[PDB]
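> Here it is, the structure, as structure tokens.
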Amino acid sequence: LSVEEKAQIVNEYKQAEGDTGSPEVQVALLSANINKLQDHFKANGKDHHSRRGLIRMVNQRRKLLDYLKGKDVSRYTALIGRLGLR
Amino acid sequence: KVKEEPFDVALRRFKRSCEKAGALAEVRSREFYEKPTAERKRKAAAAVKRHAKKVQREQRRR
Amino acid sequence: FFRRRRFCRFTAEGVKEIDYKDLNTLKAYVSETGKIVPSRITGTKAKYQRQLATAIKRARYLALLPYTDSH
Amino acid sequence: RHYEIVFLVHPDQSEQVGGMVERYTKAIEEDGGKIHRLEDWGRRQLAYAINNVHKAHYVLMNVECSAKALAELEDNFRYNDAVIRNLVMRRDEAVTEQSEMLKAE
Amino acid sequence: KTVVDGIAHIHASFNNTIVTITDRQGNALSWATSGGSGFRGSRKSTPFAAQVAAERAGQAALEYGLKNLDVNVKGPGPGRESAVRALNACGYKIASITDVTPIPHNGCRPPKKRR
RNA sequence: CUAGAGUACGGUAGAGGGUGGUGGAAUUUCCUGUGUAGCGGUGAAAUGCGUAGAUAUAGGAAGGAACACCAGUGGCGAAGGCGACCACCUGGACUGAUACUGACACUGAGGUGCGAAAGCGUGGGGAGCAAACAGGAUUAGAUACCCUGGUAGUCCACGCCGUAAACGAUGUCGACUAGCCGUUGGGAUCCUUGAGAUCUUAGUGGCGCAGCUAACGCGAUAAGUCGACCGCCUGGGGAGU
Ligand SMILES: [Mg+2]
Ligand SMILES: [Mg+2]
């Protein structure tokens with residue numbers, strides 16, 4: 001993922017902060033990066049050592065959602081529907 | 001390559017220049033194929049014979 | 001200490017990114033037959049020895065340096 | 001970006017190579033890529049035989065183009081008989097001029 | 001027939017040694033082998049027998065002249081340097097001596113190890 | 001709340017993957033010249049190859065796979081594994097500064113994946129090497145070792161199989177405990193010329209005190225002192241049947 005494509009996302013899903021630590025910043029950065037790789041793995045089929053890196057990012061994303069659900073519900077469904085998951 | 005002036009000088013300038021270049025021990029290791037485990041024994045035994053030589057000489061360097 | 005100064009042939013100067021163009025440098029590091037020297041003879045640091053081996057293999061490809069005494 | 005295309009031509013085409021420079025670099029300017037050096041090292045002797053010749057004519061060139069003009073010169077060198085070897089490179093930096101032909105004379 | 005400044009080729013295996021006198025064109029003038037001198041066995045591989053066959057090639061070479069020789073030594077076996085000292089014994093000006101040795105960078109794989 | 005954990009920012013190092021392309025040395029087959037009696041092999045020989053012109057030697061063509069020297073107790077990868085050069089996509093680690101989130105962590109029965117090599121299926125491709133096999137020799141005997149040949153295979157695409165002395169014969173994670181000599185990479189401080197200096201993290205090696213151990217031996221990369229979860233052992237054969 002590029003540098004300005006990171007800066008496009010942090011500007012968008014900022015929690016009126018200027019700050020990159022909140023889960024709505026972190027979940028957004030991972031989800032844009034999984035969608036980019038899906039055509040790398042339709043050309044490269046036998047790329048197994050890079051398949052291993054993608055499953056790290058998927059499992060990291062389901063851990064931050066349950067932390068988000070384990071605190072609030074209003075912040076949760078305002079983020080699930082804004083990305084279209086589950 | 002050795003050019004030329006007596007002849008015995010250019011012989012010893014050729015016997016030595018071949019050995020100081022090589023290509024005589026390398027030919028001798030082309031006549032039987034070593035499986036790569038047996039080439040990991042040269043890599044194992046020669047590393048022991050170098051690090052032990054740096055310490056056994058220190059006993060002479062006492 | 002000739003093996004000590006040649007370590008400083010790349011580290012004392014700011015010549016960190018060596019090129020395959022300075023043949024006057026690279027001919028100091030190639031033996032009379034054509035094969036490449038070790039790094040316990042020059043004594044160069046192993047960061048640059050790896051970097052030195054690429055500039056040989058590229059200059060060899062462009063026919064700037066031979067391989068053997070045959071051709 | 002920031003390529004360092006080096007290619008050598010046939011010794012019998014070293015007369016014609018002056019038009020061969022701009023014939024390639026005009027298409028790069030169509031892409032939108034400026035050129036930061038263009039050196040001609042001249043006629044030198046090889047270290048060995050490449051299709052049974054011994055002279056050549058080295059052409060040094062540093063180009064900063066996008067992905068289309070790289071696809072141009074990748075193909076044009078393959079479809080020629082003047083050019084006998086090439087080498088495309090990549091550095092992640094810019095280019096200053098006048099490297100070594102002063103020092104090579 | 002008259003030729004000068006010939007080239008001497010020396011091929012030295014572990015069991016036999018073959019010496020050939022040629023020209024710059026790569027054409028045969030005189031060949032001589034260690035087996036043709038009548039050794040045929042354990043005596044065949046000795047560096048002494050690489051002197052008998054060396055001078056015998058150097059005697060049918062004076063049919064054509066060849067006052068100058070250029071030596072290419074090729075092979076791992078013994079008699080690799082003993083054959084050169086048996087060349088100017090016949091009275092030949094040896095100009096330069098050159099190693100030629102086929103060394104593959106990777107090459108085909110060799111046969112298996114003996115037991 | 002920020003000490004665990006994760007993000008944003010500079011910055012290095014690497015045979016970490018996948019898709020194409022291009023080299024040089026050597027081997028073999030073929031063509032052509034010169035040239036003429038053996039070559040090859042071995043404790044020694046023989047089978048074999050040779051004037052129907054071999055080996056040698058020079059010129060040319062085609063084709064296949066491996067990638068000298070660098071190369072190292074050296075690197076990278078979760079493990080198996082990974083060495084020609086370039087482009088092409090692509091994963092993670094290190095190191096520094098700085099802001100943010102504020103415990104978001106650990107392990108994991110079942111379940112899901114990636115699995116050397118030999119082998120199996122359909123299609124390619126056939127340089128060398130080489131089980132099965134054939135001949136010679138050795139041999140009371142020799143299916144064997146040694147010699148001359150030689151097929152599946154090894155190579156590529158797609159799919160399968162799932163085991164190895166799959167080894168550090170040592171499950172993952174966290175915290176404390178004398179030292180000294182090396183080495184990869186990275187910041188420091190420092191008089192500055194250093195063949196510099198000392199300190200600090202992340203690896204990787206050689207000795208060693210306490211301590212433990214049946215002994216051998218490990219010893220900040222524990223088999224030392226302690227925690228959290230899991231797997232597994234119960235005399236030898238019978239039998240991992
Ligand atoms: Mg293993
Ligand atoms: Mg076990």
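The way I read the labels, and the way they are meant: chains A, B, ... in the order of the structure tokens, residue 1 as the first residue of every chain, and ligand 1 as the first ligand shown, with later ones counted on from there.
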I need the chain B residues near chain F as a ChimeraX atom specification; criterion: at most 12 Å, counting only C-alpha atoms (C1' of nucleotides).

/B:21-23,26-27,30,32-33,43-55,58

> Using only C-alpha atoms, determine which residues of chain C fall within 6 Å of chain D; present them as a VMD selection string.

chain C and resid 63 to 66 71

> Within 6 Å of chain B, which residues of chain E are there when counting only C-alpha atoms? Please give them as JSON, numbers by chain.

{"E": [96, 97, 98, 110, 111, 112, 113]}

> Grab the residues selected above and save them as a PDB file, in the first residue's frame with C-alpha atoms.


ATOM      1  CA  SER E  96      55.739 -19.840 -23.823  1.00  0.00           C
ATOM      2  CA  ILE E  97      54.009 -22.430 -21.658  1.00  0.00           C
ATOM      3  CA  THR E  98      50.261 -22.257 -21.126  1.00  0.00           C
ATOM      4  CA  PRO E 110      30.275 -36.739 -12.495  1.00  0.00           C
ATOM      5  CA  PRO E 111      30.052 -40.498 -11.860  1.00  0.00           C
ATOM      6  CA  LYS E 112      29.541 -41.949  -8.405  1.00  0.00           C
ATOM      7  CA  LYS E 113      32.184 -42.616  -5.772  1.00  0.00           C
TER       8      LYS E 113
END

> Give the residue list for ligand 1 at 8 Å, counting only C-alpha atoms (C1' of nucleotides) and all ligand atoms, as a list in words, sorted by chain and then by residue number.

residues 80, 166 and 167 of chain F

> Please provide the set of residues having any atom within 12 Å of residue 36 (chain A), restricted to only C-alpha atoms (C1' of nucleotides), with same-chain residues fewer than 6 positions apart removed, written as a ChimeraX atom specification.

/A:1-2,5,29-30,42,54 /F:90

> May I ask you to write as number ranges by chain all residues lying at most 12 Å from ligand 2, with only C-alpha atoms (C1' of nucleotides) and all ligand atoms counted?

F: 164-171, 232

> Could you write out the selected residues, including N, CA and C atoms (P, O5', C5', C4', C3', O3' and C1' of nucleotides), as a PDB file, in the first residue's frame?


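Below is the file result32.pdb, written as the result:
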ATOM      1  P     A F 164       7.420 -41.767  10.466  1.00  0.00           P
ATOM      2  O5'   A F 164       8.656 -41.358   9.565  1.00  0.00           O
ATOM      3  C5'   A F 164       9.553 -40.354   9.991  1.00  0.00           C
ATOM      4  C4'   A F 164      10.897 -40.521   9.346  1.00  0.00           C
ATOM      5  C3'   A F 164      12.012 -39.713   9.956  1.00  0.00           C
ATOM      6  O3'   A F 164      12.524 -40.310  11.130  1.00  0.00           O
ATOM      7  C1'   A F 164      12.079 -39.499   7.615  1.00  0.00           C
ATOM      8  P     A F 165      12.220 -39.666  12.568  1.00  0.00           P
ATOM      9  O5'   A F 165      13.660 -39.299  13.117  1.00  0.00           O
ATOM     10  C5'   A F 165      14.781 -40.117  12.814  1.00  0.00           C
ATOM     11  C4'   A F 165      16.026 -39.291  12.642  1.00  0.00           C
ATOM     12  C3'   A F 165      16.426 -38.999  11.207  1.00  0.00           C
ATOM     13  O3'   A F 165      17.073 -37.735  11.176  1.00  0.00           O
ATOM     14  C1'   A F 165      18.170 -40.127  12.272  1.00  0.00           C
ATOM     15  P     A F 166      16.597 -36.608  10.148  1.00  0.00           P
ATOM     16  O5'   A F 166      15.511 -35.784  10.954  1.00  0.00           O
ATOM     17  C5'   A F 166      14.136 -36.092  10.840  1.00  0.00           C
ATOM     18  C4'   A F 166      13.335 -34.868  10.503  1.00  0.00           C
ATOM     19  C3'   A F 166      12.548 -34.247  11.634  1.00  0.00           C
ATOM     20  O3'   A F 166      13.369 -33.458  12.474  1.00  0.00           O
ATOM     21  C1'   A F 166      11.234 -34.322   9.664  1.00  0.00           C
ATOM     22  P     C F 167      12.840 -32.900  13.882  1.00  0.00           P
ATOM     23  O5'   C F 167      14.174 -32.559  14.663  1.00  0.00           O
ATOM     24  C5'   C F 167      15.093 -31.628  14.118  1.00  0.00           C
ATOM     25  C4'   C F 167      16.451 -31.758  14.751  1.00  0.00           C
ATOM     26  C3'   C F 167      17.609 -31.890  13.771  1.00  0.00           C
ATOM     27  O3'   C F 167      18.765 -31.272  14.323  1.00  0.00           O
ATOM     28  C1'   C F 167      17.540 -33.783  15.161  1.00  0.00           C
ATOM     29  P     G F 168      19.065 -29.712  14.078  1.00  0.00           P
ATOM     30  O5'   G F 168      19.438 -29.172  15.529  1.00  0.00           O
ATOM     31  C5'   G F 168      20.755 -29.328  16.050  1.00  0.00           C
ATOM     32  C4'   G F 168      20.781 -29.642  17.533  1.00  0.00           C
ATOM     33  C3'   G F 168      20.004 -30.880  17.980  1.00  0.00           C
ATOM     34  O3'   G F 168      20.720 -31.526  19.029  1.00  0.00           O
ATOM     35  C1'   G F 168      19.283 -29.022  19.209  1.00  0.00           C
ATOM     36  P     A F 169      21.237 -33.032  18.848  1.00  0.00           P
ATOM     37  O5'   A F 169      19.905 -33.881  18.699  1.00  0.00           O
ATOM     38  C5'   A F 169      19.089 -34.158  19.827  1.00  0.00           C
ATOM     39  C4'   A F 169      17.753 -34.716  19.417  1.00  0.00           C
ATOM     40  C3'   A F 169      16.745 -34.817  20.540  1.00  0.00           C
ATOM     41  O3'   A F 169      15.421 -34.705  20.016  1.00  0.00           O
ATOM     42  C1'   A F 169      17.370 -36.995  19.813  1.00  0.00           C
ATOM     43  P     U F 170      14.706 -33.270  19.831  1.00  0.00           P
ATOM     44  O5'   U F 170      14.729 -32.600  21.270  1.00  0.00           O
ATOM     45  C5'   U F 170      13.589 -32.693  22.108  1.00  0.00           C
ATOM     46  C4'   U F 170      13.693 -31.812  23.323  1.00  0.00           C
ATOM     47  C3'   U F 170      13.408 -30.326  23.106  1.00  0.00           C
ATOM     48  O3'   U F 170      12.728 -29.837  24.261  1.00  0.00           O
ATOM     49  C1'   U F 170      15.527 -30.581  24.071  1.00  0.00           C
ATOM     50  P     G F 171      11.830 -28.506  24.218  1.00  0.00           P
ATOM     51  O5'   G F 171      11.047 -28.559  22.835  1.00  0.00           O
ATOM     52  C5'   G F 171       9.846 -29.294  22.719  1.00  0.00           C
ATOM     53  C4'   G F 171       8.684 -28.457  22.249  1.00  0.00           C
ATOM     54  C3'   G F 171       8.736 -26.965  22.545  1.00  0.00           C
ATOM     55  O3'   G F 171       9.448 -26.241  21.553  1.00  0.00           O
ATOM     56  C1'   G F 171       6.653 -27.832  23.226  1.00  0.00           C
ATOM     57  P     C F 232      -1.688 -37.137  24.136  1.00  0.00           P
ATOM     58  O5'   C F 232      -0.372 -37.882  24.624  1.00  0.00           O
ATOM     59  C5'   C F 232       0.506 -38.501  23.700  1.00  0.00           C
ATOM     60  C4'   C F 232       1.877 -38.677  24.298  1.00  0.00           C
ATOM     61  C3'   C F 232       2.020 -39.778  25.328  1.00  0.00           C
ATOM     62  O3'   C F 232       2.190 -41.060  24.769  1.00  0.00           O
ATOM     63  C1'   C F 232       2.981 -37.799  26.163  1.00  0.00           C
TER      64        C F 232
END
